[PDB]
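Only one chain is shown below, in C-alpha cells, and it's the form deposited in one PDB entry.
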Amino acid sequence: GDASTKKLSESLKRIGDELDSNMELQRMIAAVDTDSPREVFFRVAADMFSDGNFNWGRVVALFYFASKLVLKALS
C-alpha cells in the first residue's frame, strides 16, 4: 500500500505546513493571553460547534489552536 501511504504523508505535510503558515491562525493564537487559557478553549470550542457542524477539519484546527495555546504558556 506504499502507493497511497506516501500520498497520505504528503497530505499531512501540506496540512501541517498550512496550519503553521496560517497567519490568521497565528495572529489569533497571539491575540489570546495566558491569564486564563483552558476556559478560552472551552468557550472557543462551543462557539465553533454552535452551528452544529462537525468534521475533521474543524477538529484539527481546534487541536492546533489548543496545543499552540499550551506551547505559549509553556514558553
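Start at 1 with the first residue shown and count on from there. Whichever C-alpha set is largest while still superposing within 1.5 Å between the two forms counts as the rigid core.
Subject >> Gap at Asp33 across at least one third of the other PDB entries >> reply: Per the records, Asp33 goes unmodelled in at least a third of the other entries.
Original post:
So 3 to 11 or 64 to 72, which one's hotter by mean CA B-factor in the entry?
Top reply: Going by the record's values, the stretch with the higher mean is 3 to 11.
Subject >> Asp17 - Cα temperature factor, lowest/middle/highest third of chain >> reply: For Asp17, whose C-alpha B-factor we compare with every modelled residue in the chain, the answer is the lowest third.
A second form of this protein, the form deposited in another entry, is not displayed here; the remarks below concern that form.
Original post:
Rigid core fitted, then: does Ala66 show a CA shift of 2 angstroms or greater between this form and the one not shown?
Top reply: No; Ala66 is a residue whose C-alpha shifts by less than 2 Å between this form and the one not shown when the cores are overlaid.
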